[PDB]
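This is what each chain is made of:
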Amino acid sequence: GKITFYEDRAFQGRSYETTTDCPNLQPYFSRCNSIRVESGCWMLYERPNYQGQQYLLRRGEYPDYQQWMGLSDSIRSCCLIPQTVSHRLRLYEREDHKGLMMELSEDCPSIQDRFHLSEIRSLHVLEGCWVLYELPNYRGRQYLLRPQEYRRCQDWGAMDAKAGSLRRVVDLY
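Analysis parameters
Residues numbered from 1 in each chain as written, not as in the entry; some residues may be left out. Heavy atoms only, no water. Helix = DSSP H or I, 4+ residues; strand = E, 2+ residues; numbered from the N terminus. Buried < 20%, exposed > 50% of the residue type's maximum accessible area, 1.4 Å probe, protein only. Contact = heavy atoms within 4.5 Å. 1 Å grid on protein atoms, 1.4 Å probe; cavity = no way out; pocket = protein on both sides within 12 Å on 5 of 7 lines; lining within 4 Å. Points joined across faces, edges and corners; volume = space filled by probe spheres on them. Nonpolar A, V, L, I, M, F, W, Y, C, P; charged D, E, K, R; others polar. Domains from an automatic or database assignment. Disulfide = S-S within 2.5 Å. Core = buried A, V, L, I, M, F, W, Y, C linked by side-chain atoms within 4.5 Å. Salt bridge = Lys/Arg side-chain N within 4 Å of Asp/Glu carboxyl O. Pairing = 2+ DSSP bridges.

- As recorded in the entry header, the structure was determined using solution NMR.

**Brief notes about the environment of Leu 123**
Part 1 of the argument: For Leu 123, the location among the structural elements is in strand β10 (residues 122-127).
Part 2 of the argument: Looking at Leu 123, the relative accessible area reads 0%, which means it is buried.
Part 3 of the argument: Discounting residues that sit within four places of it in the chain, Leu 123 has contacts with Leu 89, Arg 90, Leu 91, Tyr 92, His 97, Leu 132, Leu 145, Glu 149, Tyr 150 and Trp 156.

**A short note on the layout of surface pockets**
Part 1 of the argument: Size it by volume and the largest pocket reaches roughly 490 Å³.
Part 2 of the argument: What lines the largest pocket is a set of 21 residues, among which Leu 56, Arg 58, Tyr 133, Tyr 138 and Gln 142 lie closest to the centre.
Part 3 of the argument: Going through the elements one at a time, β11 (130-135), β12 (139-145) and β14 (165-168) are the ones with two or more residues in the lining of the largest pocket.
Part 4 of the argument: Residue classes in the lining of the largest pocket are distributed as 12 nonpolar, five polar and four charged.

**Topic: empty space enclosed by the protein**
Part 1 of the argument: Scanning the entire structure with this criterion turns up one cavity of 30 Å³ or more.
Part 2 of the argument: Considered as a void within the structure, the largest cavity measures approximately 40 Å³ in volume.
Part 3 of the argument: Around the largest cavity sit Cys 41, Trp 42, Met 43, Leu 56, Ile 81, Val 131, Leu 144 and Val 169, which together line it.
Part 4 of the argument: Of the residues forming the lining of the largest cavity, the biggest block, three residues, is contributed by strand β4 (residues 41-47).
Part 5 of the argument: Looking at the lining of the largest cavity residue by residue, the class counts come to eight nonpolar, no polar and no charged.
Part 6 of the argument: When we break the lining of the largest cavity down by domain, the ones giving at least three residues each are domain 1 (1-83) and domain 2 (84-173).

**Re the state of the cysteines**
Part 1 of the argument: Under the counting rule described, the total for this entry stands at zero disulfides.
Part 2 of the argument: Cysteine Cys 32 remains unbridged, with the sulfur of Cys 78 as its closest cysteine sulfur at 10 Å.
Part 3 of the argument: Here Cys 153 is not disulfide-linked; the sulfur of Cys 79 is the nearest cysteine sulfur, at 18 Å.

**Some thoughts on the nonpolar core**
Part 1 of the argument: Grouped together as the largest cluster of nonpolar side chains are 20 residues, with contacts concentrated most on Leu 89, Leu 123, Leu 132, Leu 145, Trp 156 and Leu 166.
Part 2 of the argument: Broken down by secondary-structure element, the contributors of at least two residues to this core are β8 (88-94), β10, β11 and β12.
Part 3 of the argument: Apart from residues no more than four positions distant in its own chain, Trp 156 is found in contact with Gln 54, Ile 120, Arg 121, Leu 123, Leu 132, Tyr 143, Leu 144, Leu 145, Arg 146 and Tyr 150.
Part 4 of the argument: If you look at the next biggest cluster of nonpolar residues, it comprises 18 residues, including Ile 35, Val 37, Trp 42 and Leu 80.

**Thoughts on the pattern of salt bridges**
Part 1 of the argument: Within this structure, the stated rule accounts for 16 salt bridges.
Part 2 of the argument: We note a salt bridge from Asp 107 to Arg 168, for which the minimum N-O separation is 2.8 Å. Of this pair, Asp 107 sits in the loop between β9 (98-104) and α1 (111-114) while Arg 168 sits in strand β14, and the two are 61 residues apart along the sequence.
Part 3 of the argument: Overall, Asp 107 belongs to the partly exposed group, its relative accessible area being 29%.
Part 4 of the argument: For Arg 168, a relative accessible area of 27% translates into the label partly exposed.
Part 5 of the argument: A salt bridge links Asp 160 to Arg 141; its shortest N-O distance comes to 2.9 Å. Of the two residues, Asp 160 sits in the loop between β13 (149-150) and β14 while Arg 141 sits in strand β12, which places them 19 residues apart along the sequence.
Part 6 of the argument: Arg 141 gets classed as buried once you look at its relative accessible area, which sits at 13%.
Part 7 of the argument: Among the charged side chains, a network of salt bridges with common partners joins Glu 95, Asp 96, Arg 121 and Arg 152.

**Details of the pairing of β11**
Part 1 of the argument: When you tally the buried positions in β11, you get five out of six residues, the bulk of the element.
Part 2 of the argument: Note that β11 and β12 share five bridges and pair antiparallel. Across the sheet, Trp 130 pairs through a bridge with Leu 145, a residue of β12.
Part 3 of the argument: In this structure, the hairpin formed by β11 and β12 is closed by a connection of three residues, where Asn 137 is found at a positive phi of approximately 65 degrees.
Part 4 of the argument: As paired elements, β11 and β14 share four bridges and run antiparallel to each other. Bridge pairing links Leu 132 to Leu 166 in β14.

As structure tokens, then:
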């Protein structure tokens, strides 16, 4: 998909567009107080090199940042995620893929209500792309889960192991 960024509200200020990833948005802009995801699902980042708080911007026109109830203006990196035909994830109680393992192929609205874990140490996305969320109801700090074996929370750029909910990435056209 494709996206456009605006540092000021009402689709105003510093305007930049991309159709691919960009780990360093610094020479372009530092923030985005209004944003138009033309298509796709884009994992925005607070900090460059894919660090800090992550932000799932879905396909739509957001006339300001509070429209999707975001955390902070800080948009200093971006990731494009394509369509994924299937989804299979494994939640591990301990890091380095140990302890209680639990597979998941569905959208979990709240892991604490389901498998009673509010924090996950390590993951293994067998196939597809997922997104971990800090809070249930798909809220809080987002965390892009990519098709691989996550050794620990440090892998996907999590400063902590918090896991409120889980959802499977689908491409919105």
